[PDB]
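Presented below is the structure to which this report refers.
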Amino acid sequence: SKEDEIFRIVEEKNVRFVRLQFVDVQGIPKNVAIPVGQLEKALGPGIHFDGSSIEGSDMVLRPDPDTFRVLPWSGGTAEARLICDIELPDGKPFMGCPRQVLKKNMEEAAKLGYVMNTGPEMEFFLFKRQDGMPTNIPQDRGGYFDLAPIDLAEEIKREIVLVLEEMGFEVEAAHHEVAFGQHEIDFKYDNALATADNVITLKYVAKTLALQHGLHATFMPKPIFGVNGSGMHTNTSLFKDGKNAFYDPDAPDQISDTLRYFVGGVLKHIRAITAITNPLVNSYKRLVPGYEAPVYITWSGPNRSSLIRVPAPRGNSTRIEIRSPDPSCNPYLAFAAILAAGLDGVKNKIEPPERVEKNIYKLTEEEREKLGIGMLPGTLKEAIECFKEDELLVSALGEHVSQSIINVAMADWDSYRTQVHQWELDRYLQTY
Amino acid sequence: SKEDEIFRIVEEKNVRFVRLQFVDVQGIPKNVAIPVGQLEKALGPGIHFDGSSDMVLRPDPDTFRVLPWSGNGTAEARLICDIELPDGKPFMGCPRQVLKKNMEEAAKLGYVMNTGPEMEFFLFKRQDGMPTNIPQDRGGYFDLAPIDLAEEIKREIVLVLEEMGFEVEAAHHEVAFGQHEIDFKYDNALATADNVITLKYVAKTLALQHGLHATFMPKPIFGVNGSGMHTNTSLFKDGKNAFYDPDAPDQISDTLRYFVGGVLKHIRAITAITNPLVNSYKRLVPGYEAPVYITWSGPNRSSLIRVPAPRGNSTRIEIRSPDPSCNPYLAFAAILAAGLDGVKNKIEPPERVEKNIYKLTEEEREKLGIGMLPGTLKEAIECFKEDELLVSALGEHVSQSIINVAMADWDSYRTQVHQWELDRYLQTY
Ligand SMILES: Nc1ncnc2c1ncn2[C@@H]1O[C@H](COP(=O)(O)OP(=O)(O)OP(=O)(O)O)[C@@H](O)[C@H]1O
Ligand SMILES: Nc1ncnc2c1ncn2[C@@H]1O[C@H](COP(=O)(O)OP(=O)(O)OP(=O)(O)O)[C@@H](O)[C@H]1O
Ligand SMILES: [Mg+2]
Ligand SMILES: [Mg+2]
């Protein structure tokens, strides 16, 4: 069994502590450190803990044996991790657990022979530290696809990719992004659950290795005004009966009906999905015209950088690139929301709007309402109100998770709206 | 095959990452870092990337080199890539593809151009992690240590290059403080351009390791010598040097005169490519080793084009106008196209101005028909725009991007209020 293989790795690597890793509703990693003597108890009846932390009472941690990994930073004593699912004391799964929510939505898709594969493009910033505290000052003075010595973070990015490969992770490519100190690490495509586990691991690894070098890695959507913001472009494809359900060689543009319907479904609920995929108040400072980030609700081919883009590759690589999410979203909930909205498009038979190949930003406002082009929410409150009314996403994510998202977002918005920012003093104090 | 040899070097040296290297229209190196697991995919169907839309990187197997500075023992490697459209057609906007096209067109007439550049550069100090224009040493022409403090770093630069199949001739301290020169042997225009990009990357990387900043800027300091890229050039027809004619006067063939005549006819336009920055025209001023007047002569006078004394296989012309901030792929392509038009149409060059030129008065220079190189970047771009031969040789895509980038820089520079103006007028007016 897998448990026997875990204990073999324990004695070989001299693992003394195990971290029972899990995630709250906001995508923040949480854990319980246990000595290796308690590992047999963790894999058997499980470890008890207070679960008010998930919301961000008594519950149990159920480690997934497939996620056992030794943390490649040695302490002679090594450490290991285990991604755990949350269960209630009786044995039933906790429907407030984000990982359980994605698992449920994937099981509902598997009922119709569908499996969703996701391949995200993870953008992030590497900032300097001042007096032990993190800052928003770029550590390098680099640009798009730049090379060293312009890109000063080549050693740390090299370490991130190596540390990930040591944890059964396959990376496609990494490069410097448009903004100063911005970087991108694109992963290979995998099932929504393995990808979401991998997304959490990347954020943890990048932030840990950045600290080791006196730096701070952040996946914040818009840490600096006037420069490009970090996005999480999600390459998505559906696979029915082993074949790519988005490929039809006889149809026009070799795109199947299931693609156009899936696109139609996700665009129907995209205002509501934005509350999950763009959950911070800062996420809406990224959804501003002038940068790679999509703002208008449109879909097109590769030539135009729209919200949903259908790349040229065909065959087994047929896919859609949803470019609205940012890397601060909870990946378990982001993929669950996209899967539920996209499957409603396939099931309820929803035709998507006409593809817009013209440059949207170059068009005038007068032409956009003629074609029925909408806008993504401008504020967090505006997306939360749209999410509140979308009963499909509320039922797909569960009432417990949906309520927790609304409560956390409203608490942040009510605090942000009352604040007096420096911009207001700079604009009005001297004159008025 | 070469792919099998690459994978043998991978397991031998323990390469874990490879750099898919390429250059933009301005000669700046760009890359995509991939783990060694994706190397089979890169050498096969290629790696996709956003050029802005989407494109594919096609690595040149002959350019696979292990970076001598070891990784965390995880070795690292690099591959110079050609850009290509998704369907399979080479991208006409790629600078390396432009030189390759101009090379094939020369090869159809049995011609192969060999280039040997003299790379001048500066080594400056760093203040608070930012680069400065303060020389690291207070050395002069051909000076020796301890006057030349960069003797250890230059020795490391040459060593690192030799480890990557690089053959160099000599290195020395130049006229200005903290200025140096590294001259390497002659090779075909493509290998030389690849080597020029590698030289800049290696020097800047090694300088940062020592807390210094290497720069190939044409004129980083006012009042001192500027960095130049003197390009030794020669054509080879059917294995032999097309510039050597033992029966002709001065042992120089008609092909040399016609090639010189062609490059001097389009030299105003070539200046926009070989001297592409606004700062490049602060180097093209009298008083330093940089040529200003459009003339050609023997080794006695320092002119735009100089015919050195060596004959035989070493017969060549030294084009001294370029600076090391130019895109080498486009600089050599522009030289080859203008030079081949001279050969093809038999354009005679002007008389060799052996008389010392800077000392002559403007009135005489006007009588002899001696012209001048463009004084500003805008002036060179206007001349480049009208040169139909060069626009067609570099392609409309590349020519348009050069004009856009240069105009955007010029329009920003011309509106700026520099400190010189405040120092000259604020107190009095
Ligand atoms: N079917 C798919 N579903 C989701 N994402 C995909 C899919 N195919 C490709 N991608 C994403 O696109 C990126 C690269 O696209 P590409 O055109 O190379 O297809 P590919 O499947 O990655 O090719 P290969 O199988 O050789 O790796 C990958 O990083 C991956 O995340
Ligand atoms: N035929 C040629 N074409 C272009 N450049 C040349 C040629 N011959 C020499 N050069 C360049 O001129 C410089 C000085 O050449 P030199 O007088 O030493 O003759 P050389 O021995 O043939 O040089 P090299 O050893 O580099 O071939 C060298 O750096 C070289 O790159
Ligand atoms: Mg993208
Ligand atoms: Mg010289």
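Residue numbering restarts at 1 for every chain of the structure tokens, chains are lettered A, B, ... in their displayed order, and ligands are numbered from 1 as they appear.
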
Given a cut-off of 8 Å, which residues of chain A touch chain B, counting only C-alpha atoms, written out as number ranges by chain? A: 144-149, 155, 158-159, 161, 171-175, 302-303

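Where the distance criterion is 9 Å and the atoms used are only C-alpha atoms and all ligand atoms, the residues close to ligand 3 are residues 121, 231, 232, 233, 234, 235, 292, 305, 309, 321, 322 and 323 of chain A; 50 of chain B.
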
Check every protein, DNA and RNA residue against ligand 1, keep those with an atom at most 7 Å away (counting only C-alpha atoms and all ligand atoms), and present them as a PyMOL selection string. (chain A and resi 117-120+172+186-189+235-237+313+316-319) or (chain B and resi 41+47-48)

Could you pull out the alpha helix (DSSP H) residues of range 354-398 of chain A from DSSP and send them as number ranges by chain? A: 365-370, 380-389, 391-397

Ranking A:275, A:36, A:267, A:196 by minimum distance to residue 394 in chain A and counting only C-alpha atoms, which one comes first?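 Looking at the shortest contact to residue 394 in chain A, the residue is A:275.
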
Could you pull the residues within 9 Å of residue 170 in chain B, counting only C-alpha atoms, minus those fewer than 4 positions along the same chain, as a VMD selection string? chain B and resid 181 to 184

Please check which protein, DNA or RNA residues sit within 12 Å of ligand 4, counting only C-alpha atoms and all ligand atoms, and write them as number ranges by chain. B: 116-120, 174, 181-183, 227-233, 289-291, 298-308, 316-322

Selected residue of minimal separation from ligand 2 among B:178, B:310, B:45, B:328, counting only C-alpha atoms and all ligand atoms: B:310

Tell me which of B:143, B:105, B:354, B:82 sits closest to residue 60 in chain B, counting only C-alpha atoms. B:82

Within range 100-344 of chain A, find each residue whose DSSP state, derived from the backbone, is strand (DSSP E or B), and express the selection as number ranges by chain. A: 114-130, 133-138, 146, 171-176, 182-187, 190-191, 215-218, 232-240, 243-244, 247, 255, 296-297, 299-300, 308-309, 320-322

Extract, using only C-alpha atoms, all DNA, RNA and protein residues at most 6 Å from range 274-281 of chain B, discarding same-chain residues fewer than 3 positions from it, and format them as an MDAnalysis selection string. chainID B and resid 218 271 284 322:323 326 331 376:377
